[PDB]
2 protein chains.
Amino acid sequence: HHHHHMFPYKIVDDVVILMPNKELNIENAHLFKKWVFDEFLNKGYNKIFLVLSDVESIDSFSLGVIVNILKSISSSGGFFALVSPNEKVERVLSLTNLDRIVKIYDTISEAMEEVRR
Amino acid sequence: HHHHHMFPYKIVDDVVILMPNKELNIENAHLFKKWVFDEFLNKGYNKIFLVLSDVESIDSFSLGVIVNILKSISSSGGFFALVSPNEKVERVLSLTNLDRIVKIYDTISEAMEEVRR
Ligand SMILES: [Cl-]
Ligand SMILES: [Cl-]
Ligand SMILES: [Cl-]
Ligand SMILES: [Cl-]
Ligand SMILES: [Cl-]
Ligand SMILES: [Cl-]
C-alpha cells in the first residue's frame with residue numbers, strides 16, 4: 001500500500017530498516033518524520049536503522065528529524081543506528097557531535113550484529 | 001523574576017535579543033527551547049535575535065532548537081536572525097546549509113538595521 005510505503009523500508013527480525021533513496025532535507029524532512037512516527041514509532045517499533053547509502057547530503061532539517069527519532073527511541077529504550085553515511089554526511093555527523101550519541105555503522109550486517117547483541 | 005529570566009535577554013523595539021552566556025547543547029537544549037516558546041513565541045513575540053557570542057560550539061540538539069524556532073517564526077511571518085557565531089559554529093551553520101535559510105549577522109547593530117528595514 002502506497003502510503004504505508006511512502007518511503008522504502010523493510011522489517012527484519014523486529015528491526016525497521018529505512019532506506020530513503022533520495023535526498024533528506026528541508027523539502028521532505030517533515031513528511032519523512034511524520035511517516036516514521038506514524039508508521040513505526042507510534043506503533044511500537046522502536047528498533048530502527050536509518051540507512052544513508054543514497055542520501056547525498058543532510059541539512060539542519062534532516063538533522064532535526066534524526067534528533068527527533070533519537071529522542072523518541074532513547075525515551076522508549078529502543079535501538080537507533082545510522083548506517084552507511086557518505087563522507088559529506090559523516091562530516092556533519094562528526095562536527096555536530098552526533099557520532100558521540102548515536103551508533104553509526106558502515107554496513108547493515110554490522111548494525112544487525114549489534115542489535116542482536 | 002528568575003524563571004522569566006532563566007537565560008539572559010532583552011527586548012528592544014519589539015525584538016527579543018537572546019544572549020545565552022553558556023554552551024547550548026544536548027544538556028540544555030530542551031530547557032532553552034521550552035523557555036523561548038513559553039516566554040516569547042507563544043506570547044506573540046516573533047522577532048528574535050539569537051546572539052551566539054558566548055556559545056563555544058553547537059551540536060545536533062542545539063541545531064534542532066534553532067530549526068524549531070525558525071519553523072515557528074517562518075510560520076507566523078516574523079523575523080529570525082543568528083548573530084555573532086564564532087568560527088566553529090559558523091562552520092556547522094555552513095555545512096548544514098542553515099546559512100542559506102536564516103539571516104546571519106556579525107553584530108547586533110547590523111541585525112537591528114535589517115529588522116527596521
Ligand atoms: Cl518535522
Ligand atoms: Cl518542516
Ligand atoms: Cl510526527
Ligand atoms: Cl526540545
Ligand atoms: Cl531533549
Ligand atoms: Cl516548547
# chains A, B, ... in the order shown; residues from 1 in each chain; ligands from 1
call {"tool": "calpha_fit_and_write", "arguments": {"fixed": "chain A", "moving": "chain B", "output": "short mmCIF file (atom, residue, chain, number, x, y, z; two decimals) with N, CA and C atoms, in the first residue's frame"}}
result
data_model
loop_
_atom_site.label_atom_id
_atom_site.label_comp_id
_atom_site.auth_asym_id
_atom_site.auth_seq_id
_atom_site.Cartn_x
_atom_site.Cartn_y
_atom_site.Cartn_z
N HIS B 1 0.84 -1.24 0.00
CA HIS B 1 0.00 0.00 0.00
C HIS B 1 0.86 1.27 0.00
N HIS B 2 0.54 2.19 -0.91
CA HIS B 2 1.42 3.31 -1.23
C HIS B 2 1.83 4.18 -0.06
N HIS B 3 0.87 4.50 0.81
CA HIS B 3 1.13 5.43 1.91
C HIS B 3 1.87 4.71 3.05
N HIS B 4 1.46 3.49 3.36
CA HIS B 4 2.29 2.62 4.20
C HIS B 4 3.75 2.74 3.68
N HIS B 5 3.94 2.56 2.36
CA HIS B 5 5.27 2.57 1.70
C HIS B 5 5.60 3.83 0.91
N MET B 6 5.37 4.96 1.56
CA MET B 6 5.72 6.31 1.11
C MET B 6 7.24 6.50 0.92
N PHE B 7 8.03 5.72 1.67
CA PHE B 7 9.49 5.66 1.51
C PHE B 7 9.92 4.18 1.62
N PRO B 8 11.07 3.83 1.04
CA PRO B 8 11.50 2.41 1.07
C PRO B 8 11.93 1.91 2.44
N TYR B 9 11.41 0.76 2.83
CA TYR B 9 11.81 0.11 4.08
C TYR B 9 11.58 -1.38 4.02
N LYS B 10 12.21 -2.08 4.97
CA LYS B 10 11.84 -3.44 5.26
C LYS B 10 11.94 -3.69 6.76
N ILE B 11 11.17 -4.65 7.25
CA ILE B 11 11.25 -5.09 8.65
C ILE B 11 11.89 -6.45 8.71
N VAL B 12 13.03 -6.55 9.39
CA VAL B 12 13.75 -7.82 9.54
C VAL B 12 13.92 -8.07 11.04
N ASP B 13 13.39 -9.18 11.56
CA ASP B 13 13.57 -9.51 13.00
C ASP B 13 13.29 -8.30 13.91
N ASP B 14 12.09 -7.74 13.80
CA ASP B 14 11.67 -6.61 14.64
C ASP B 14 12.51 -5.33 14.48
N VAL B 15 13.35 -5.25 13.45
CA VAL B 15 14.10 -4.04 13.13
C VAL B 15 13.54 -3.40 11.85
N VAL B 16 13.19 -2.11 11.93
CA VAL B 16 12.75 -1.35 10.78
C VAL B 16 13.97 -0.75 10.09
N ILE B 17 14.22 -1.19 8.85
CA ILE B 17 15.37 -0.73 8.09
C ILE B 17 14.85 0.27 7.05
N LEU B 18 15.13 1.55 7.31
CA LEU B 18 14.71 2.64 6.44
C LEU B 18 15.78 2.91 5.41
N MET B 19 15.38 2.92 4.15
CA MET B 19 16.31 3.12 3.04
C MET B 19 15.86 4.23 2.08
N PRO B 20 15.86 5.50 2.57
CA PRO B 20 15.47 6.60 1.65
C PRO B 20 16.36 6.61 0.44
N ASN B 21 15.76 6.77 -0.73
CA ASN B 21 16.51 6.62 -1.98
C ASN B 21 16.81 7.96 -2.64
N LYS B 22 16.40 9.01 -1.96
CA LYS B 22 16.60 10.38 -2.35
C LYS B 22 17.01 11.23 -1.15
N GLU B 23 17.39 12.44 -1.47
CA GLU B 23 17.83 13.40 -0.51
C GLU B 23 16.83 13.58 0.64
N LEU B 24 17.34 13.64 1.87
CA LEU B 24 16.56 14.01 3.04
C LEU B 24 17.02 15.39 3.45
N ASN B 25 16.12 16.36 3.35
CA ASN B 25 16.47 17.79 3.52
C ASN B 25 15.21 18.58 3.84
N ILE B 26 15.30 19.90 3.89
CA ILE B 26 14.20 20.79 4.23
C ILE B 26 12.91 20.49 3.45
N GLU B 27 13.02 20.12 2.19
CA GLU B 27 11.82 19.89 1.39
C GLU B 27 10.97 18.69 1.84
N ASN B 28 11.63 17.61 2.27
CA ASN B 28 10.96 16.37 2.69
C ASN B 28 11.07 15.97 4.15
N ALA B 29 11.78 16.78 4.95
CA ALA B 29 12.07 16.38 6.31
C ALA B 29 10.83 16.13 7.15
N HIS B 30 9.88 17.08 7.16
CA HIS B 30 8.65 16.91 7.96
C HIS B 30 7.84 15.73 7.47
N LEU B 31 7.72 15.58 6.16
CA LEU B 31 6.98 14.43 5.59
C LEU B 31 7.57 13.10 6.05
N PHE B 32 8.90 13.00 6.01
CA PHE B 32 9.59 11.79 6.42
C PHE B 32 9.43 11.53 7.92
N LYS B 33 9.63 12.56 8.72
CA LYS B 33 9.49 12.46 10.17
C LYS B 33 8.09 11.95 10.55
N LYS B 34 7.06 12.59 10.00
CA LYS B 34 5.68 12.21 10.30
C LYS B 34 5.42 10.77 9.92
N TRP B 35 5.97 10.36 8.79
CA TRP B 35 5.84 8.98 8.31
C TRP B 35 6.53 7.97 9.26
N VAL B 36 7.74 8.28 9.72
CA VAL B 36 8.44 7.36 10.62
C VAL B 36 7.66 7.24 11.95
N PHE B 37 7.22 8.37 12.48
CA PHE B 37 6.40 8.36 13.70
C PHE B 37 5.07 7.66 13.51
N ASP B 38 4.35 8.00 12.44
CA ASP B 38 3.05 7.37 12.25
C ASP B 38 3.11 5.88 11.98
N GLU B 39 4.05 5.45 11.14
CA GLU B 39 4.14 4.06 10.73
C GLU B 39 4.86 3.13 11.70
N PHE B 40 5.85 3.66 12.40
CA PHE B 40 6.72 2.82 13.20
C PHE B 40 6.68 3.22 14.68
N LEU B 41 7.21 4.40 15.00
CA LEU B 41 7.45 4.74 16.41
C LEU B 41 6.14 4.76 17.20
N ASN B 42 5.09 5.34 16.65
CA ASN B 42 3.82 5.38 17.37
C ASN B 42 3.06 4.05 17.41
N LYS B 43 3.54 3.07 16.65
CA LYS B 43 3.00 1.71 16.65
C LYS B 43 3.91 0.75 17.43
N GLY B 44 4.92 1.28 18.11
CA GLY B 44 5.76 0.47 18.99
C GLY B 44 7.02 -0.14 18.37
N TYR B 45 7.31 0.18 17.12
CA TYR B 45 8.56 -0.24 16.51
C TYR B 45 9.63 0.76 16.85
N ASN B 46 10.41 0.43 17.86
CA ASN B 46 11.48 1.33 18.30
C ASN B 46 12.89 0.79 18.11
N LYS B 47 13.07 -0.17 17.19
CA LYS B 47 14.39 -0.57 16.72
C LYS B 47 14.46 -0.18 15.24
N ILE B 48 15.29 0.80 14.92
CA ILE B 48 15.34 1.41 13.59
C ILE B 48 16.76 1.63 13.14
N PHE B 49 17.02 1.25 11.89
CA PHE B 49 18.25 1.59 11.19
C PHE B 49 17.86 2.64 10.14
N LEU B 50 18.55 3.78 10.13
CA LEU B 50 18.36 4.74 9.08
C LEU B 50 19.58 4.60 8.16
N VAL B 51 19.34 3.95 7.03
CA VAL B 51 20.37 3.65 6.05
C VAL B 51 20.50 4.87 5.12
N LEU B 52 21.72 5.38 5.04
CA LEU B 52 22.03 6.64 4.36
C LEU B 52 22.81 6.50 3.04
N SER B 53 22.90 5.27 2.51
CA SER B 53 23.65 5.00 1.31
C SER B 53 23.31 5.91 0.13
N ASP B 54 22.02 6.25 0.00
CA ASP B 54 21.54 7.01 -1.16
C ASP B 54 21.20 8.45 -0.80
N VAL B 55 21.59 8.89 0.39
CA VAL B 55 21.37 10.25 0.84
C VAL B 55 22.66 11.07 0.60
N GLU B 56 22.65 11.99 -0.37
CA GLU B 56 23.87 12.71 -0.80
C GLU B 56 24.43 13.68 0.24
N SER B 57 23.53 14.32 0.98
CA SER B 57 23.91 15.29 2.00
C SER B 57 22.73 15.41 2.96
N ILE B 58 23.01 15.93 4.15
CA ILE B 58 21.95 16.29 5.08
C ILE B 58 22.10 17.75 5.46
N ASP B 59 20.98 18.33 5.84
CA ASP B 59 20.91 19.73 6.26
C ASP B 59 20.36 19.81 7.68
N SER B 60 20.13 21.03 8.17
CA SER B 60 19.71 21.20 9.56
C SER B 60 18.36 20.58 9.82
N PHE B 61 17.49 20.58 8.81
CA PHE B 61 16.17 19.97 8.94
C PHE B 61 16.23 18.47 8.98
N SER B 62 17.06 17.85 8.17
CA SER B 62 17.17 16.38 8.25
C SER B 62 17.87 15.99 9.57
N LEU B 63 18.79 16.82 10.04
CA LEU B 63 19.38 16.57 11.35
C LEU B 63 18.33 16.66 12.45
N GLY B 64 17.43 17.65 12.38
CA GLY B 64 16.38 17.77 13.36
C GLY B 64 15.49 16.53 13.41
N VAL B 65 15.21 15.96 12.24
CA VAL B 65 14.45 14.70 12.16
C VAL B 65 15.20 13.54 12.83
N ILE B 66 16.50 13.42 12.54
CA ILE B 66 17.32 12.41 13.18
C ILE B 66 17.30 12.55 14.70
N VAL B 67 17.42 13.79 15.17
CA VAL B 67 17.36 14.08 16.58
C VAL B 67 16.01 13.70 17.17
N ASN B 68 14.92 14.00 16.45
CA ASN B 68 13.61 13.66 16.97
C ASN B 68 13.42 12.16 17.10
N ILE B 69 13.90 11.41 16.12
CA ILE B 69 13.85 9.95 16.17
C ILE B 69 14.69 9.39 17.33
N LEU B 70 15.88 9.94 17.44
CA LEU B 70 16.78 9.56 18.50
C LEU B 70 16.17 9.79 19.88
N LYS B 71 15.54 10.95 20.07
CA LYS B 71 14.88 11.29 21.32
C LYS B 71 13.77 10.30 21.64
N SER B 72 12.95 9.97 20.64
CA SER B 72 11.85 9.05 20.87
C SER B 72 12.39 7.68 21.27
N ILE B 73 13.36 7.20 20.50
CA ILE B 73 13.90 5.87 20.75
C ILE B 73 14.65 5.78 22.11
N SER B 74 15.40 6.83 22.45
CA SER B 74 16.08 6.87 23.75
C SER B 74 15.07 6.86 24.89
N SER B 75 13.97 7.58 24.70
CA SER B 75 12.93 7.65 25.73
C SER B 75 12.28 6.28 25.97
N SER B 76 12.01 5.54 24.89
CA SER B 76 11.31 4.25 24.97
C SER B 76 12.27 3.06 25.19
N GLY B 77 13.57 3.31 25.13
CA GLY B 77 14.55 2.26 25.34
C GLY B 77 14.78 1.31 24.18
N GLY B 78 14.66 1.84 22.98
CA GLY B 78 14.87 1.04 21.78
C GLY B 78 16.31 1.11 21.30
N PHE B 79 16.48 0.90 20.00
CA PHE B 79 17.77 0.84 19.38
C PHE B 79 17.70 1.73 18.12
N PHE B 80 18.59 2.70 18.01
CA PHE B 80 18.67 3.52 16.80
C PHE B 80 20.10 3.52 16.25
N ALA B 81 20.25 3.28 14.95
CA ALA B 81 21.55 3.42 14.32
C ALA B 81 21.47 4.07 12.97
N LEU B 82 22.50 4.86 12.67
CA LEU B 82 22.71 5.41 11.34
C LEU B 82 23.63 4.45 10.62
N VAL B 83 23.36 4.17 9.35
CA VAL B 83 24.10 3.18 8.58
C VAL B 83 24.54 3.76 7.26
N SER B 84 25.81 3.55 6.93
CA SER B 84 26.38 3.97 5.64
C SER B 84 26.32 5.47 5.27
N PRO B 85 26.63 6.38 6.22
CA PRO B 85 26.73 7.78 5.81
C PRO B 85 27.90 7.95 4.86
N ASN B 86 27.69 8.74 3.81
CA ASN B 86 28.78 9.08 2.91
C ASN B 86 29.72 10.10 3.58
N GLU B 87 30.73 10.59 2.87
CA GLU B 87 31.73 11.42 3.56
C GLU B 87 31.21 12.79 3.97
N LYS B 88 30.41 13.40 3.10
CA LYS B 88 29.76 14.68 3.38
C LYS B 88 28.83 14.59 4.61
N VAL B 89 28.03 13.52 4.66
CA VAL B 89 27.13 13.30 5.77
C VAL B 89 27.93 12.98 7.04
N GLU B 90 28.92 12.11 6.96
CA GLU B 90 29.71 11.80 8.14
C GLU B 90 30.42 13.03 8.72
N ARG B 91 30.83 13.97 7.85
CA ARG B 91 31.47 15.20 8.33
C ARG B 91 30.49 16.02 9.17
N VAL B 92 29.23 16.08 8.73
CA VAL B 92 28.21 16.79 9.50
C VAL B 92 27.97 16.06 10.83
N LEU B 93 27.89 14.72 10.78
CA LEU B 93 27.62 13.91 11.99
C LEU B 93 28.73 14.10 13.03
N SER B 94 29.96 14.22 12.54
CA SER B 94 31.13 14.48 13.39
C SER B 94 31.15 15.88 14.00
N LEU B 95 31.00 16.88 13.14
CA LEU B 95 31.09 18.25 13.58
C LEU B 95 29.95 18.63 14.53
N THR B 96 28.80 17.98 14.43
CA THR B 96 27.68 18.24 15.33
C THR B 96 27.64 17.27 16.52
N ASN B 97 28.69 16.44 16.64
CA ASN B 97 28.87 15.50 17.76
C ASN B 97 27.82 14.38 17.82
N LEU B 98 27.03 14.24 16.75
CA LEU B 98 26.01 13.22 16.73
C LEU B 98 26.66 11.82 16.80
N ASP B 99 27.86 11.70 16.24
CA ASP B 99 28.60 10.45 16.33
C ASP B 99 29.05 10.03 17.73
N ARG B 100 28.90 10.94 18.71
CA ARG B 100 29.12 10.64 20.12
C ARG B 100 27.88 10.08 20.84
N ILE B 101 26.69 10.24 20.26
CA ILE B 101 25.43 9.90 20.92
C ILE B 101 24.51 8.93 20.17
N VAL B 102 24.86 8.57 18.93
CA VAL B 102 24.10 7.57 18.18
C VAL B 102 25.12 6.64 17.52
N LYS B 103 24.79 5.35 17.52
CA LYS B 103 25.59 4.34 16.86
C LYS B 103 25.56 4.56 15.36
N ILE B 104 26.73 4.44 14.76
CA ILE B 104 26.90 4.59 13.33
C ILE B 104 27.72 3.42 12.81
N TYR B 105 27.19 2.74 11.79
CA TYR B 105 27.84 1.57 11.25
C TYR B 105 28.04 1.74 9.77
N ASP B 106 29.09 1.11 9.25
CA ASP B 106 29.41 1.18 7.83
C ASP B 106 28.42 0.38 6.99
N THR B 107 27.87 -0.70 7.57
CA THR B 107 27.03 -1.65 6.83
C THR B 107 25.89 -2.20 7.67
N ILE B 108 24.85 -2.66 6.99
CA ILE B 108 23.67 -3.20 7.61
C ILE B 108 24.01 -4.47 8.43
N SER B 109 24.92 -5.32 7.96
CA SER B 109 25.22 -6.55 8.71
C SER B 109 25.88 -6.21 10.03
N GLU B 110 26.73 -5.20 10.04
CA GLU B 110 27.34 -4.74 11.29
C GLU B 110 26.29 -4.26 12.28
N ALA B 111 25.33 -3.48 11.81
CA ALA B 111 24.25 -2.97 12.68
C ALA B 111 23.40 -4.12 13.23
N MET B 112 23.11 -5.09 12.38
CA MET B 112 22.28 -6.23 12.78
C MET B 112 22.99 -7.01 13.89
N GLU B 113 24.29 -7.19 13.73
CA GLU B 113 25.08 -7.87 14.74
C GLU B 113 25.00 -7.18 16.11
N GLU B 114 25.03 -5.85 16.15
CA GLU B 114 24.88 -5.13 17.41
C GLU B 114 23.49 -5.32 18.04
N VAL B 115 22.44 -5.17 17.24
CA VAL B 115 21.08 -5.21 17.77
C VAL B 115 20.70 -6.61 18.30
N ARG B 116 21.33 -7.65 17.75
CA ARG B 116 21.20 -8.99 18.31
C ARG B 116 21.91 -9.09 19.66
N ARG B 117 23.15 -8.59 19.72
CA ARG B 117 23.93 -8.50 20.96
C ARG B 117 25.41 -8.64 20.64
#
call {"tool": "select_by_dssp", "arguments": {"residues": "chain A", "states": "alpha helix (DSSP H)", "output": "ChimeraX atom specification"}}
result
/A:29-39,60-76,87-95,108-116
call {"tool": "select_by_dssp", "arguments": {"residues": "segment 4-98 of chain B", "states": "strand (DSSP E or B)", "output": "PyMOL selection string"}}
result
chain B and resi 9-12+15-18+47-51+79-83
call {"tool": "write_last_selection", "arguments": {"atoms": "C-alpha atoms", "output": "PDB file, in the first residue's frame"}}
result
ATOM      1  CA  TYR B   9      17.744  38.520  27.187  1.00  0.00           C
ATOM      2  CA  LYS B  10      16.485  41.973  26.482  1.00  0.00           C
ATOM      3  CA  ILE B  11      13.565  43.340  24.445  1.00  0.00           C
ATOM      4  CA  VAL B  12      14.423  46.334  22.256  1.00  0.00           C
ATOM      5  CA  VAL B  15      12.787  42.452  19.164  1.00  0.00           C
ATOM      6  CA  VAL B  16      13.747  39.733  21.670  1.00  0.00           C
ATOM      7  CA  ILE B  17      17.545  39.615  21.877  1.00  0.00           C
ATOM      8  CA  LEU B  18      18.614  36.283  23.364  1.00  0.00           C
ATOM      9  CA  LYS B  47      11.068  38.876  16.136  1.00  0.00           C
ATOM     10  CA  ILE B  48      14.125  37.207  17.706  1.00  0.00           C
ATOM     11  CA  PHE B  49      17.881  37.553  17.534  1.00  0.00           C
ATOM     12  CA  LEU B  50      19.805  34.557  18.851  1.00  0.00           C
ATOM     13  CA  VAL B  51      23.150  36.067  19.815  1.00  0.00           C
ATOM     14  CA  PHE B  79      11.951  37.794  11.819  1.00  0.00           C
ATOM     15  CA  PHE B  80      14.699  35.403  12.990  1.00  0.00           C
ATOM     16  CA  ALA B  81      18.444  36.023  12.907  1.00  0.00           C
ATOM     17  CA  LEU B  82      21.555  34.367  14.232  1.00  0.00           C
ATOM     18  CA  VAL B  83      24.119  36.911  15.462  1.00  0.00           C
TER      19      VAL B  83
END
